[PDB]
Amino acid sequence: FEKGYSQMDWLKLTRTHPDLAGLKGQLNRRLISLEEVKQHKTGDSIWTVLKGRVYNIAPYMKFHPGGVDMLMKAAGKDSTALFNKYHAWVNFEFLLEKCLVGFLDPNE
Ligand code: HEM
């Protein structure tokens with residue numbers, strides 16, 4: 001065991017496990033509605049919105065330093081406000097790139 005290595009371990013997973021986003025061949029550039037995000041709270045994926053980017057955060061759960069219980073609060077909703085309350089400086093754009101499923105379009 002080595003303290004502090006969760007993010008290194010996470011990124012190794014993103015380099016060595018295919019389709020963490022769970023897109024199953026769909027491209028990660030799709031325009032997504034919030035109603036769609038809301039319907040990914042259970043099952044094989046959990047979607048959230050951060051600054052307009054939609055991510056499948058289910059694979060990240062056990063790597064989140066703040067805990068699974070905290071990350072679950074983001075399930076099926078826009079979690080930007082929560083993210084900014086706890087750590088607005090975290091580089092989610094880089095850390096979660098391989099979990100990107102698309103972009104939140106308010107008009108969809
Ligand atoms: C969704 C993408 C998220 C990522 C990539 C992420 C990443 C991280 C990281 C790297 C840390 C360690 C502290 C640091 O490096 O600054 C952390 C801590 C923490 N996270 Fe997250 N986090 C996410 C979402 C959330 C959400 C939605 C919540 C709450 C609902 C949350 C709650 C916390 C808490 C409580 C801590 C410890 C205290 C704090 O830093 O405020 N995280 N997170």
# chains A, B, ... in the order shown; residues from 1 in each chain; ligands from 1
$ select_by_dssp --residues "stretch 8-55 of chain A" --states "strand (DSSP E or B)" --output "PyMOL selection string"
chain A and resi 30-32+47-50+53-55
$ residues_near_ligand --ligand "ligand 1" --cutoff "6 Å" --atoms "only C-alpha atoms and all ligand atoms" --output "ChimeraX atom specification"
/A:64-66,70-71,73-74,79,82-83,86-87,90,92,95
$ residues_around --residues "residue A:6" --least-positions-apart "5" --cutoff "10 Å" --atoms "only C-alpha atoms" --output "list in words"
residues 11, 12, 60, 62, 63, 64 and 65 of chain A
$ closest_atom_pairs --of "stretch 53-84 of chain A" --to "stretch 23-41 of chain A" --cutoff "8 Å" --atoms "only C-alpha atoms" --output "JSON lines"
{"residue": "A:54", "atom": "CA", "partner": "A:37", "partner_atom": "CA", "distance": 7.7}
{"residue": "A:75", "atom": "CA", "partner": "A:41", "partner_atom": "CA", "distance": 5.3}
{"residue": "A:76", "atom": "CA", "partner": "A:38", "partner_atom": "CA", "distance": 4.1}
{"residue": "A:77", "atom": "CA", "partner": "A:38", "partner_atom": "CA", "distance": 6.0}
$ select_by_dssp --residues "chain A" --states "helix (DSSP H, G or I)" --output "ChimeraX atom specification"
/A:6-16,34-38,58-63,68-72,80-87,92-95,97-99
$ residues_around --residues "residue A:100" --least-positions-apart "6" --cutoff "9 Å" --atoms "only C-alpha atoms" --output "list in words"
residues 20, 21, 28, 29, 53, 54, 55, 56, 57 and 93 of chain A
$ atom_distance --atom1 "atom CA of residue A:61" --atom2 "atom CA of residue A:96"
11.7 Å
$ atom_distance --atom1 "atom CA of residue A:101" --atom2 "atom CA of residue A:81"
20.0 Å
$ decode --residues "chain A" --atoms "C-alpha atoms" --output "mmCIF file, in the first residue's frame"
data_model
loop_
_atom_site.group_PDB
_atom_site.id
_atom_site.type_symbol
_atom_site.label_atom_id
_atom_site.label_comp_id
_atom_site.auth_asym_id
_atom_site.auth_seq_id
_atom_site.Cartn_x
_atom_site.Cartn_y
_atom_site.Cartn_z
ATOM 1 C CA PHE A 1 0.000 0.000 0.000
ATOM 2 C CA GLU A 2 1.152 3.537 -0.820
ATOM 3 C CA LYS A 3 -0.802 6.618 0.191
ATOM 4 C CA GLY A 4 -1.792 9.186 -2.422
ATOM 5 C CA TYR A 5 -1.598 6.935 -5.491
ATOM 6 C CA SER A 6 -5.303 6.680 -6.302
ATOM 7 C CA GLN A 7 -5.075 9.094 -9.238
ATOM 8 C CA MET A 8 -1.981 7.419 -10.707
ATOM 9 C CA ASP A 9 -3.797 4.078 -10.430
ATOM 10 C CA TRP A 10 -6.888 5.593 -12.024
ATOM 11 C CA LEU A 11 -4.963 6.880 -15.005
ATOM 12 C CA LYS A 12 -3.247 3.516 -15.461
ATOM 13 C CA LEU A 13 -6.749 2.048 -15.647
ATOM 14 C CA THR A 14 -7.715 4.587 -18.323
ATOM 15 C CA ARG A 15 -4.701 3.415 -20.369
ATOM 16 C CA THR A 16 -5.327 -0.320 -19.902
ATOM 17 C CA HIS A 17 -9.111 -0.845 -19.815
ATOM 18 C CA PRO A 18 -11.167 -0.253 -22.977
ATOM 19 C CA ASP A 19 -14.283 1.884 -23.276
ATOM 20 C CA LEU A 20 -14.440 3.114 -19.696
ATOM 21 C CA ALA A 21 -16.995 5.662 -20.922
ATOM 22 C CA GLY A 22 -19.327 2.753 -21.690
ATOM 23 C CA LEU A 23 -20.127 4.132 -25.138
ATOM 24 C CA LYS A 24 -19.976 0.696 -26.818
ATOM 25 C CA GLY A 25 -18.961 2.195 -30.149
ATOM 26 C CA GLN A 26 -20.819 5.497 -30.016
ATOM 27 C CA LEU A 27 -18.625 8.575 -30.308
ATOM 28 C CA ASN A 28 -18.013 10.842 -27.310
ATOM 29 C CA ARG A 29 -18.989 14.054 -29.142
ATOM 30 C CA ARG A 30 -22.759 13.610 -28.969
ATOM 31 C CA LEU A 31 -25.092 16.397 -27.872
ATOM 32 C CA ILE A 32 -26.892 15.109 -24.784
ATOM 33 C CA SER A 33 -29.998 16.305 -22.943
ATOM 34 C CA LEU A 34 -30.283 16.651 -19.192
ATOM 35 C CA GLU A 35 -33.209 14.230 -19.266
ATOM 36 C CA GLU A 36 -30.773 11.650 -20.641
ATOM 37 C CA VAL A 37 -28.287 12.344 -17.830
ATOM 38 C CA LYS A 38 -31.117 11.878 -15.325
ATOM 39 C CA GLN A 39 -31.784 8.381 -16.717
ATOM 40 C CA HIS A 40 -28.211 7.207 -15.972
ATOM 41 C CA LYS A 41 -28.406 6.805 -12.184
ATOM 42 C CA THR A 42 -28.397 2.996 -11.925
ATOM 43 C CA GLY A 43 -27.255 -0.088 -13.792
ATOM 44 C CA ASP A 44 -24.130 -0.080 -15.914
ATOM 45 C CA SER A 45 -23.206 3.603 -15.784
ATOM 46 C CA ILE A 46 -23.698 6.761 -13.772
ATOM 47 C CA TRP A 47 -23.698 10.019 -15.708
ATOM 48 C CA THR A 48 -23.054 13.534 -14.387
ATOM 49 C CA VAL A 49 -22.533 16.985 -15.916
ATOM 50 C CA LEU A 50 -19.496 19.152 -15.062
ATOM 51 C CA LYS A 51 -19.306 22.529 -16.822
ATOM 52 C CA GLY A 52 -21.311 21.204 -19.730
ATOM 53 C CA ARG A 53 -19.324 17.965 -20.133
ATOM 54 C CA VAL A 54 -21.136 14.672 -19.585
ATOM 55 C CA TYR A 55 -19.116 11.904 -17.921
ATOM 56 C CA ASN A 56 -19.698 8.304 -16.908
ATOM 57 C CA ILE A 57 -18.316 8.488 -13.371
ATOM 58 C CA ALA A 58 -19.153 4.922 -12.332
ATOM 59 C CA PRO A 59 -15.626 3.630 -13.146
ATOM 60 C CA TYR A 60 -14.031 6.417 -11.076
ATOM 61 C CA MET A 61 -15.930 5.603 -7.862
ATOM 62 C CA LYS A 62 -13.282 3.610 -6.012
ATOM 63 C CA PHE A 63 -10.539 6.039 -7.065
ATOM 64 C CA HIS A 64 -12.240 9.172 -5.764
ATOM 65 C CA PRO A 65 -10.309 10.510 -2.733
ATOM 66 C CA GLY A 66 -13.462 12.037 -1.274
ATOM 67 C CA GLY A 67 -15.161 8.634 -1.213
ATOM 68 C CA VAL A 68 -17.850 6.745 -3.094
ATOM 69 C CA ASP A 69 -20.608 8.168 -0.889
ATOM 70 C CA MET A 70 -19.663 11.712 -1.894
ATOM 71 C CA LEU A 71 -19.208 11.023 -5.609
ATOM 72 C CA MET A 72 -22.597 9.270 -5.712
ATOM 73 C CA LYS A 73 -24.221 12.631 -4.920
ATOM 74 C CA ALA A 74 -23.418 13.569 -8.544
ATOM 75 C CA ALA A 75 -25.442 10.707 -10.046
ATOM 76 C CA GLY A 76 -27.865 11.749 -12.755
ATOM 77 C CA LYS A 77 -27.510 15.480 -12.249
ATOM 78 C CA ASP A 78 -25.413 18.521 -12.968
ATOM 79 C CA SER A 79 -22.729 18.341 -10.293
ATOM 80 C CA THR A 80 -20.849 21.537 -11.125
ATOM 81 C CA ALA A 81 -22.008 23.308 -7.957
ATOM 82 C CA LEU A 82 -21.007 20.369 -5.749
ATOM 83 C CA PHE A 83 -17.659 20.050 -7.504
ATOM 84 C CA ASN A 84 -16.961 23.749 -7.007
ATOM 85 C CA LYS A 85 -17.994 23.593 -3.328
ATOM 86 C CA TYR A 86 -15.485 20.850 -2.549
ATOM 87 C CA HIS A 87 -12.619 21.437 -5.001
ATOM 88 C CA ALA A 88 -13.085 23.905 -7.838
ATOM 89 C CA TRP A 89 -9.386 23.609 -8.767
ATOM 90 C CA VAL A 90 -9.386 19.863 -9.604
ATOM 91 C CA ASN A 91 -8.532 19.046 -13.226
ATOM 92 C CA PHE A 92 -11.569 16.943 -14.038
ATOM 93 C CA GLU A 93 -11.160 17.700 -17.747
ATOM 94 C CA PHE A 94 -7.924 15.716 -17.843
ATOM 95 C CA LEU A 95 -8.696 13.100 -15.208
ATOM 96 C CA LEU A 96 -12.066 12.151 -16.712
ATOM 97 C CA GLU A 97 -11.352 12.520 -20.470
ATOM 98 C CA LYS A 98 -11.624 8.769 -21.046
ATOM 99 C CA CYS A 99 -15.062 8.815 -19.377
ATOM 100 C CA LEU A 100 -16.451 11.635 -21.518
ATOM 101 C CA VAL A 101 -19.695 10.654 -23.217
ATOM 102 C CA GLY A 102 -20.652 14.005 -24.772
ATOM 103 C CA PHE A 103 -21.759 17.588 -24.238
ATOM 104 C CA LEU A 104 -24.810 18.878 -22.396
ATOM 105 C CA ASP A 105 -26.931 20.807 -24.894
ATOM 106 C CA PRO A 106 -29.765 22.632 -23.081
ATOM 107 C CA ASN A 107 -31.778 22.512 -26.331
ATOM 108 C CA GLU A 108 -31.715 18.703 -26.699
#
